[PDB]
Amino acid sequence: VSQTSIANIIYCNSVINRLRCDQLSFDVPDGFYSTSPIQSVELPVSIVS
Amino acid sequence: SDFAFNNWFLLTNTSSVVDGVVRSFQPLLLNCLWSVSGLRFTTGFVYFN
Amino acid sequence: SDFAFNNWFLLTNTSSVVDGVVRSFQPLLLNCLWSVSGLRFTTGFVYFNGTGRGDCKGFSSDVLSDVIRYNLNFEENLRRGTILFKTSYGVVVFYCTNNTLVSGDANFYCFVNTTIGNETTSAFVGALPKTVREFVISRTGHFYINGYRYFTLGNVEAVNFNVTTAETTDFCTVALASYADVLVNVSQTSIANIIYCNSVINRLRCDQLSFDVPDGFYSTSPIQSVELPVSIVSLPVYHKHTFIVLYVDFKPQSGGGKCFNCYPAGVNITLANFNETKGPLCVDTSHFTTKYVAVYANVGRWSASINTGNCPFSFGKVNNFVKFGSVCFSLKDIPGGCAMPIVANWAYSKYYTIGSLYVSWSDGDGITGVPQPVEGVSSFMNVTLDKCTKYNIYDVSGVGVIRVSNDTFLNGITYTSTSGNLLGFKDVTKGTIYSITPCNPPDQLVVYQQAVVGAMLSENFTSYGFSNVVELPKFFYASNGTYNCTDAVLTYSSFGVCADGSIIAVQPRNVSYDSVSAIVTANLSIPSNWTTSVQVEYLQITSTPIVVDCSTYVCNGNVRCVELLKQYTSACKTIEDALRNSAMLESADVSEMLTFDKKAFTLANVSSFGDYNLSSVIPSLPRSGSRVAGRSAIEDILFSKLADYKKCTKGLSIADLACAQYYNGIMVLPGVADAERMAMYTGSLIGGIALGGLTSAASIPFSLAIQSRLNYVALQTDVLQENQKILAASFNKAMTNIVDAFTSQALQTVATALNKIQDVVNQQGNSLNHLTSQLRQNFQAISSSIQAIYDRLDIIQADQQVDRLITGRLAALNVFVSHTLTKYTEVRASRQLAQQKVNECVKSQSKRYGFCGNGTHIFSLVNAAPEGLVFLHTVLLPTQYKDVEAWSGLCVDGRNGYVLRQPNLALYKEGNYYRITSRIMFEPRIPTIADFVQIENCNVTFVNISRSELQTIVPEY
Amino acid sequence: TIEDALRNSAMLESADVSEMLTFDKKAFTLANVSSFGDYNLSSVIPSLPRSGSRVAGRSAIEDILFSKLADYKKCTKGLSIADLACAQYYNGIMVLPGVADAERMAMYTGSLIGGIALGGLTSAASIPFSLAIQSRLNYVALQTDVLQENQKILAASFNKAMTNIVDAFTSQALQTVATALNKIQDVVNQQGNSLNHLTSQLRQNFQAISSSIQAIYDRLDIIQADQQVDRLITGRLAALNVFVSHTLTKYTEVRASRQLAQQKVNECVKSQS
Amino acid sequence: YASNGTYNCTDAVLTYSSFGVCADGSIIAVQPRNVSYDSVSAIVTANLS
Ligand SMILES: *[C@@H]1O[C@H](CO)[C@@H](O[C@@H]2O[C@H](CO)[C@@H](O[C@@H]3O[C@H](CO[C@H]4O[C@H](CO)[C@@H](O)[C@H](O)[C@@H]4O[C@H]4O[C@H](CO)[C@@H](O)[C@H](O)[C@@H]4O)[C@@H](O)[C@H](O[C@H]4O[C@H](CO)[C@@H](O)[C@H](O)[C@@H]4O[C@H]4O[C@H](CO)[C@@H](O)[C@H](O)[C@@H]4O)[C@@H]3O)[C@H](O)[C@H]2NC(C)=O)[C@H](O)[C@H]1NC(C)=O
Ligand SMILES: *[C@@H]1O[C@H](CO)[C@@H](O[C@@H]2O[C@H](CO)[C@@H](O[C@@H]3O[C@H](CO[C@H]4O[C@H](CO)[C@@H](O)[C@H](O)[C@@H]4O[C@H]4O[C@H](CO)[C@@H](O)[C@H](O)[C@@H]4O)[C@@H](O)[C@H](O[C@H]4O[C@H](CO)[C@@H](O)[C@H](O)[C@@H]4O[C@H]4O[C@H](CO)[C@@H](O)[C@H](O)[C@@H]4O)[C@@H]3O)[C@H](O)[C@H]2NC(C)=O)[C@H](O)[C@H]1NC(C)=O
Ligand SMILES: *[C@@H]1O[C@H](CO)[C@@H](O[C@@H]2O[C@H](CO)[C@@H](O[C@@H]3O[C@H](CO)[C@@H](O)[C@H](O)[C@@H]3O)[C@H](O)[C@H]2NC(C)=O)[C@H](O)[C@H]1NC(C)=O
Ligand SMILES: *[C@@H]1O[C@H](CO)[C@@H](O[C@@H]2O[C@H](CO)[C@@H](O[C@@H]3O[C@H](CO)[C@@H](O)[C@H](O)[C@@H]3O)[C@H](O)[C@H]2NC(C)=O)[C@H](O)[C@H]1NC(C)=O
Ligand SMILES: *[C@@H]1O[C@H](CO)[C@@H](O[C@@H]2O[C@H](CO)[C@@H](O[C@@H]3O[C@H](CO)[C@@H](O)[C@H](O)[C@@H]3O)[C@H](O)[C@H]2NC(C)=O)[C@H](O)[C@H]1NC(C)=O
Ligand SMILES: *[C@@H]1O[C@H](CO)[C@@H](O[C@@H]2O[C@H](CO)[C@@H](O[C@@H]3O[C@H](CO)[C@@H](O)[C@H](O)[C@@H]3O)[C@H](O)[C@H]2NC(C)=O)[C@H](O)[C@H]1NC(C)=O
Ligand SMILES: *[C@@H]1O[C@H](CO)[C@@H](O[C@@H]2O[C@H](CO)[C@@H](O)[C@H](O)[C@H]2NC(C)=O)[C@H](O)[C@H]1NC(C)=O
Ligand SMILES: *[C@@H]1O[C@H](CO)[C@@H](O)[C@H](O)[C@H]1NC(C)=O
Ligand SMILES: *[C@@H]1O[C@H](CO)[C@@H](O)[C@H](O)[C@H]1NC(C)=O
Ligand SMILES: *[C@@H]1O[C@H](CO)[C@@H](O)[C@H](O)[C@H]1NC(C)=O
Ligand SMILES: *[C@@H]1O[C@H](CO)[C@@H](O)[C@H](O)[C@H]1NC(C)=O
Ligand SMILES: *[C@@H]1O[C@H](CO)[C@@H](O)[C@H](O)[C@H]1NC(C)=O
Ligand SMILES: *[C@@H]1O[C@H](CO)[C@@H](O)[C@H](O)[C@H]1NC(C)=O
Ligand SMILES: *[C@@H]1O[C@H](CO)[C@@H](O)[C@H](O)[C@H]1NC(C)=O
Ligand SMILES: *[C@@H]1O[C@H](CO)[C@@H](O)[C@H](O)[C@H]1NC(C)=O
Ligand SMILES: *[C@@H]1O[C@H](CO)[C@@H](O)[C@H](O)[C@H]1NC(C)=O
Ligand SMILES: *[C@@H]1O[C@H](CO)[C@@H](O)[C@H](O)[C@H]1NC(C)=O
Ligand SMILES: *[C@@H]1O[C@H](CO)[C@@H](O)[C@H](O)[C@H]1NC(C)=O
Ligand SMILES: *[C@@H]1O[C@H](CO)[C@@H](O)[C@H](O)[C@H]1NC(C)=O
Ligand SMILES: *[C@@H]1O[C@H](CO)[C@@H](O)[C@H](O)[C@H]1NC(C)=O
Ligand SMILES: *[C@@H]1O[C@H](CO)[C@@H](O)[C@H](O)[C@H]1NC(C)=O
Ligand SMILES: *[C@@H]1O[C@H](CO)[C@@H](O)[C@H](O)[C@H]1NC(C)=O
Ligand SMILES: *[C@@H]1O[C@H](CO)[C@@H](O)[C@H](O)[C@H]1NC(C)=O
Ligand SMILES: *[C@@H]1O[C@H](CO)[C@@H](O)[C@H](O)[C@H]1NC(C)=O
Ligand SMILES: *[C@@H]1O[C@H](CO)[C@@H](O)[C@H](O)[C@H]1NC(C)=O
Ligand SMILES: *[C@@H]1O[C@H](CO)[C@@H](O)[C@H](O)[C@H]1NC(C)=O
Ligand SMILES: *[C@@H]1O[C@H](CO)[C@@H](O)[C@H](O)[C@H]1NC(C)=O
């Protein structure tokens, strides 16, 4: 955003784009980063008492 | 990419930021490309369809 | 001691620890030794009494036993048994039938049926253990099987054990016991041994959460634990009383036949103060004594009483010196006010409350509850003087001892310290003032060889069994031994302690040094042949980097938590960005510092050296593997004296401690100083000593090399080199001595290095040992578990109590990062110094005093060590000095006087002829004319020689 | 962990500072001012015992500096009201006696000062101070004059400069002295206000009804008293951990200054650089 | 370690103390800095440079 007006956007779909958006920047310098890919669906429920 | 979107605006309940980089939730699905070409007074009723 | 107690177990309500050291409260009183020998089915009823048919052994007091423990020593077979519990309210029995039928035999079904009075009830066992090795019971009624507690019965008057065993060797024990405070060592969740916390030394040891605390200094506070006289003081004002009394008269028709909690004849409970208008009754006279009042006629086993509510002040304690601005106690409800409930118990089995005592209050200094019922025109100010006491002085409470003082101080009435604790007060009556010393100031004690010896105190008294209390400046000191001042086995800057505890004043290190040798044309002494020595130093070089995943650490896998965090990515990005950039920076530096020479690495073969036999330093050959190098002897000795995640998502083992940390999100990177290139670097440096500039690449004998290095200090001028052959015998002996010291000041130096290494390792570990503990505590939330928080609440009020967790966690994380940066920025200095001296001492002899050793420096070895290096500075120390008679200059028969071209030389008259020697070694050199220089003005103070005898000294003509 | 860290660090640093302080009885006796000469460095030399069995006494520049800048034995007994320091003991802080005691400190300083007039001689006797300066000069270059005007001229400027600077205590050199004095008062303030900040925090109660634990017990029954108690200690432990983590950061940094000091005292003090 | 490229060990475009990575993602063990230095030249009455 420049002068409160939009300039461009980046969809957070791909893994690389995900990391880039997480970086709050563009063009992260070549290096090492950490990530956690997580399942987002219902899972079987188990109980023991 | 490269869309000017000069008219296009952000949405904020609170005070707007200026000239910053921000990730957020926006209603940006392309959906129907135009859906209003040649708009006239009898625009009809569209109900999230 | 030495009891196996394999069957014996711990007791824990919560999850059991495994393989740890823990001090806790356990029921471990020996009481009756056995009390169950030859146990048969008719075991009888024992009720927390000495009435146990067994050999108590006479160490048993037989007063009372808090708990009953059953230890079973039978083969792993099922034998019919029943358990009977007798309580005044009811008799409960436990039965199990092997057969499928509910009656079964007198698929396994167990039924425990409890009958109260004439009513019989049936209960469900549910889960049945495959095998039970131990049984625990208590008077409170807690029931423990194999440590965990399944359920707790209300009360047990007596216990009867219906166990029948055909086997003559039926079982090992069924005993009684009582609580105590002990420490335990647990391996694989199973006990190994314990330590009773009775003696003072044992008390300190248990406090140390360890055994065998190292000899040193510790602090202790011995405290009286009995009732003390109570003293009160208030401003004298003629007491005008107010009595608030309440008449609860529960009086039901027994309640055991139908219901006790049904509030029968429960009705009127009231206090005379109610008004027909019923305006809230707030007292006006400041002095009032609240009392519970009389109670209704009480029948067996049941009662009613008041309970603490939600107000700040508990009713009944209000009279104990409290303040209030407006009581306004009311029987009905009061808007915006606290309320308390009275409940009734039928043998502690039915709880039924009653709306009671609406109270609201303003804060103030006028109204004050007084315990003493009598209030009137009287004189009282009880004040015990010189004993430990409680006290209330002008609405301030505490404990201590009162001392009379002499200080006018008529300005006011109370004096308080900066901390907020009052120091002294003045009587209203006369003007005297009294101080308030605390009862038990901390005392400093000393321990050595796992026993206490000596003690620093404050009072001129022998508190312990010590036979002497030597008064000393700034403190007193007790000891149990005579003063013989033989030596010190411990030391502090001011003083050291003797073996028996005698105190001694330290005499600093007797040493001696040298200085410039001013030419004075008189007698002087030069050092003769030296002896070798070795000094050891240690330098921190690197820090094990750590990395953290923000979102794992705080979110812990909850998607909703992740989404609430999503708006804070502006914040926590800085943390991991800083840690990562700092790690890669320092690793780049340490990788830039490590050079290598293949030409010289091969030279590290011990055959190249000679008599020195520095076997330990040289790197080991590969152990039939394709590895460039192996750690040296001093290396694995040091490591000895001091995991893969690949196995932490797979495998069949339970996760390890390190493995757990990964789950939480901390992640320790592999260390920068890996052994391969570390050993190559060290070996190359070591091989750079025997390599000198040659047209060929071959080596030369090590002996010649030392001579060359010596030449640097001065021109060694001897043809038959005794030093080369003598110093090695001292050198290799010193080395064997010091490696033995690993496995004479040099010894204390080695002790200092070792202490420093264990220091840095502890300093590194307890950082994250402190970090990972803080998430176990919830700052303000109902519970730590985010998942549980979501379970306990709907969408509107769950996130609201969630976010205050992360608001604290982020702060703790920012603290951690801000302290890690402060570790790196400081270790960088030590890195600078290390690189600055390794390339100086290791490569080229220094001419700087005190940088490479106590005296003149010859060469230095280097090896690796945890996150650091270690040096071996070989030096030279003068064995003896040779005296000699000199001349500060020369005068020819002509006016011209001659002097020397550089100062470091000095003439002397060895015999008839004159010899000029070095100032730093006794090596002598021939005189010649080229070594002199001319100055016109003759000083008479020099040698006086003409041109004739000049030809006798130097062949001029 | 708190007290274990503080104790181990204290004994470590005290062992180091005790390892650094050497002594020479041969040279300590040489500190007699009669040995020097026109220089009259009266201020530096250590004072003789004041009719007491004390090895040494502080020098003039020493007590001037201290001037410009208790026993617990009397804190459980006596008739006086407790002093501020005394109060701290009651609370539980405890300042250990300083490592640099005056006796061995003065012996060390005096021995170093006496190492200047001592040169290698067959006998143990001294030589005139004048000859010594000439030898040190030779190091820079072969002083070649027979009638040594420097020895006699520079002393008149030297003793005058010294009187000027001791007056400055009681020209860039002046600003240098001002800087040192400012640095000393800086470190002393920096040391005091640490525990002056510590001991104040227990006067405030983080969330409890009142600070006084005894009062808290008076105002409540067993079930709801410990519950409002523990949140006191939950804060107090945090404050304590902050204090220890900042003390370790003071030690680990002062160690560098110690290194530099030992590195230059043995260089400049002993042999011209 | 996963990678999408073959191992040819040409060079390293990124590095960490234990190891470095190739341009295509192939992993490589670092060889420390080949250097050489000198030392005292003991008089030995023989060939030297
Ligand atoms: C100004 O302030 C206003 C204040 O009102 C803001 O308006 C609110 O904005 C929030 C955030 O966008 C919005 O919450 C979202 O609502 C939409 C619509 O909800 C309905 O759609 C879901 C399917 O997505 C259906 O299940 C159902 O019809 C939803 O309605 C229900 O909401 C909850 C949660 O689903 C239900 O339990 C209730 O029963 C109720 O019927 C959602 O699209 C969005 O859902 C996302 O989060 C939920 C909860 O975690 C999750 O279950 C959804 O799957 C989804 O999460 C992700 O899934 C999609 C799948 O396509 C994936 O692509 C993304 O990763 C998704 O994030 C969420 O519930 C809220 O309703 C608004 N307020 C109201 C009252 O309308 C406004 O935005 C502010 N403007 C700014 C920014 O200034
Ligand atoms: C699993 O979770 C359960 C939860 O219930 C745990 O069970 C509780 O364990 C605690 C701690 O052991 C236990 O508290 C202790 O109770 C026993 C028995 O109390 C009765 O004995 C005392 C004499 O000691 C009598 O005065 C009176 O009969 C006691 O009963 C009364 O309790 C309070 C306090 O005394 C009274 O005010 C009430 O009126 C009530 O009638 C006690 O032995 C123990 O007492 C110790 O502390 C108190 C309070 O400070 C002190 O006054 C005692 O003198 C004693 O302190 C020290 O004195 C002895 C002297 O020999 C000295 O040797 C030690 O230094 C002592 O520490 C305390 O009251 C609690 O009752 C249990 N719960 C119930 C409901 O029974 C179980 O432990 C958990 N298991 C684990 C570890 O996983
Ligand atoms: C974020 O948004 C800002 C706003 O558009 C971007 O900055 C703008 O970037 C353009 C180029 O992308 C700049 O234009 C260049 O400016 C120079 C100097 O005037 C001109 O000579 C060039 O020909 C070109 O026009 C422009 O100055 C700059 N303006 C501002 C206000 O920043 C920025 O690049 C965007 N960043 C990302 C990552 O999207
Ligand atoms: C705390 O409890 C553990 C568990 O018993 C103690 O460790 C065990 O200590 C024994 C000796 O006391 C070790 O036995 C020795 O092991 C070696 C190597 O196997 C063997 O050669 C010896 O002959 C002897 O058996 C045993 O290995 C060790 N086991 C474990 C799991 O630690 C520990 O000493 C106890 N500490 C205290 C202070 O009580
Ligand atoms: C470097 O440090 C070492 C250790 O501090 C010094 O070693 C020691 O040198 C002193 C002389 O200052 C020796 O003292 C004397 O020993 C004789 C014979 O026992 C005794 O009769 C004298 O009265 C005096 O005590 C001491 O023996 C010696 N110790 C060792 C273990 O070597 C060394 O002198 C220091 N070098 C310099 C230049 O300061
Ligand atoms: C100071 O550091 C620089 C850079 O680390 C060193 O420069 C390099 O010196 C090495 C010798 O140790 C040279 O190595 C050789 O080069 C020849 C010709 O390419 C090759 O045939 C050999 O097998 C070997 O690789 C290297 O070329 C040279 N590099 C540069 C950029 O100058 C310098 O030697 C270091 N000085 C000292 C005293 O360590
Ligand atoms: C300290 O000194 C006391 C006496 O000076 C020693 O006491 C004896 O200790 C045994 C063992 O408890 C008792 O049976 C004697 O009655 C004690 N004698 C007296 C006179 O009290 C004690 O053992 C000494 N302890 C140490 C560690 O030195
Ligand atoms: C829109 O409003 C105008 C009047 O403002 C009206 O004439 C017209 O009919 C309206 N459109 C529709 C589709 O009803
Ligand atoms: C939109 O389509 C859905 C699905 O056919 C239908 O239920 C709905 O009625 C449509 N919209 C309107 C306004 O009818
Ligand atoms: C245990 O002994 C006490 C004291 O004599 C006694 O009151 C009690 O009745 C005895 N136990 C039983 C079950 O009677
Ligand atoms: C269970 O209770 C019933 C009814 O009181 C009784 O008949 C039966 O014997 C009990 N079971 C036992 C004691 O195992
Ligand atoms: C355990 O039981 C066996 C069974 O024969 C017995 O011989 C032995 O004495 C018992 N050991 C004990 C009670 O410690
Ligand atoms: C309260 O109730 C009891 C029994 O119901 C009765 O004896 C008494 O008179 C009542 N009133 C007062 C003031 O106690
Ligand atoms: C206060 O002093 C009087 C006079 O000795 C005494 O009777 C009374 O019991 C004392 N009170 C207490 C609580 O000791
Ligand atoms: C200390 O105790 C000793 C023991 O005899 C006694 O002689 C001395 O007077 C006491 N001193 C003080 C100040 O109490
Ligand atoms: C120890 O004391 C005895 C008797 O007082 C004395 O003869 C001996 O010299 C002393 N020895 C030491 C090493 O203090
Ligand atoms: C060490 O120093 C003291 C100081 O006076 C002296 O008495 C003694 O001779 C010395 N002892 C040794 C063993 O050097
Ligand atoms: C010291 O010098 C004198 C000259 O005055 C000489 O007589 C004496 O022999 C010398 N001492 C020694 C030990 O040579
Ligand atoms: C020094 O040299 C003399 C004579 O060669 C010899 O007797 C003495 O043992 C030597 N001392 C040492 C420490 O080598
Ligand atoms: C000398 O070298 C041999 C070779 O292994 C070794 O066993 C021996 O311990 C060495 N001796 C010394 C004094 O280093
Ligand atoms: C020169 O000789 C004189 C003779 O009195 C002597 O005092 C002085 O120290 C000498 N100066 C030197 C040797 O530099
Ligand atoms: C040597 O010194 C003596 C003593 O002053 C003097 O008389 C003599 O002339 C000198 N001889 C020389 C300078 O050749
Ligand atoms: C200084 O030395 C002189 C004689 O050389 C002596 O009279 C005096 O007592 C010494 N000063 C001290 C403090 O010992
Ligand atoms: C010289 O020494 C005397 C001896 O006390 C002293 O009073 C005087 O101030 C000194 N003068 C200077 C300039 O130091
Ligand atoms: C009075 O107080 C002062 C100081 O508080 C103290 O020095 C003195 O000993 C006390 N007693 C008398 C009788 O002065
Ligand atoms: C790359 O791989 C090819 C085929 O394996 C091989 O011929 C070539 O030498 C390799 N080059 C480098 C630089 O690794
Ligand atoms: C660098 O070192 C390795 C180590 O064996 C060696 O094989 C190679 O010849 C060297 N390469 C260069 C380019 O110096």
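Protein chains in written order, with the deposited numbering: chain A, 244 to 292; chain B, 50 to 98; chain C, 50 to 155, 165 to 700, 710 to 810, 820 to 1033; chain D, 632 to 700, 710 to 810, 820 to 922; chain E, 535 to 583. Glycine included, every Cβ here is placed at the ideal spot set by N, Cα and C.
Are the C-beta atoms of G668(C) and some chain E residue less than 7 Å apart? Counting from one through the third sequence, the residue named residue 668(C) turns up at place 610. Chain E contact via Cβ: absent.
Are there three or more Cβ pairs, one per stretch, closer than 8 Å when the segment 625-635 of chain C is compared with the segment 651-660 of chain C? no
Should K792(D) be labelled buried (16 or more other beta-carbon atoms within 10 Å of its own) or exposed? Position 152 of the fourth sequence holds residue 792(D). Exposed is the call here.
Relative to the alpha-carbon of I281(A), which residue among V617(C), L150(C), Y611(C), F382(C) has its alpha-carbon at the smallest distance? Translated into the one-based positions of the first sequence, residue 281(A) becomes position 38. Nearest option by C-alpha distance: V617(C).
Output yes if chain C places a C-beta closer than 7 Å to the C-beta of residue 215(A); else output no. Lying outside 244 to 292, the shown extent of chain A, residue 215(A) is not represented and no answer is given.
Could you please give the first and the last residue of the uninterrupted beta strand (DSSP E) stretch that includes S455(C)? Numbered from its first residue, the third sequence carries residue 455(C) at position 397. Here the beta strand (DSSP E) through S455(C) covers 454-463.
Output the residue ranges of the beta strand (DSSP E) runs that lie fully inside the segment 594-650 of chain C and measure 3 residues or longer, sorted by chain position. 604-606
Within chain G, the residues that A576(E) reaches when beta carbons sit closer than 8 Å: The structure shown contains no chain G; the protein chains it does contain are A, B, C, D and E.
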